[PDB]
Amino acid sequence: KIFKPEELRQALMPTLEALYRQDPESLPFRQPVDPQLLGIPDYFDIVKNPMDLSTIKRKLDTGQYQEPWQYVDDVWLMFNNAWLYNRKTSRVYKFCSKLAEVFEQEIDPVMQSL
């Protein structure tokens, strides 16, 4: 009912590492979206709450999650952002789907041990 930041961190970091380590599939997700650099300048018109892996890492590192479902919500926000923004035929969309499949596998037994 009260989760200490260092125990969320130690429980959840390996699930975040599972996403990061997927190469090339994590590469679009490792840093905040820079719409001008990426040549997707309308991104913030579509995606109102951006999220990426390095953001989620920083949140886990600084104790910003009071409970583990908040971490799951940020991961899924990142995925929902990609599935909204990109066409279903896009390699970014398909990479997002692969990362969600990996996440589902890794997070389910972790959320159960919590």
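By rigid core we mean the largest C-alpha set that fits within 1.5 Å across both forms. Residues carry their position along the shown sequence, with the first being 1.
S.K.: Compare 52-60 with 35-43 and report which one shows the larger root mean square C-alpha deviation from this form in 7 other deposited structures of this protein once the rigid core is superposed.
M.R.: Comparing 35-43 with 52-60, the one that moves more in 7 other deposited structures of this protein is 35-43.
S.K.: Which stretch is more displaced from the shown form in 7 other deposited structures of this protein, 103-111 or 2-10, with RMS over structures and residues of Cα positions after a rigid core fit?
M.R.: After the core superposition, the stretch with higher RMS deviation in 7 other deposited structures of this protein is 2-10.
S.K.: With reference to the PDB entry, specify whether the mean Cα temperature factor is higher for 64-72 or for 50-58.
M.R.: So the stretch with the higher mean C-alpha B-factor is 64-72.
S.K.: On average, are the C-alpha B-factors higher in 5-13 or in 86-94?
M.R.: Mean C-alpha B-factor is greater for 5-13.
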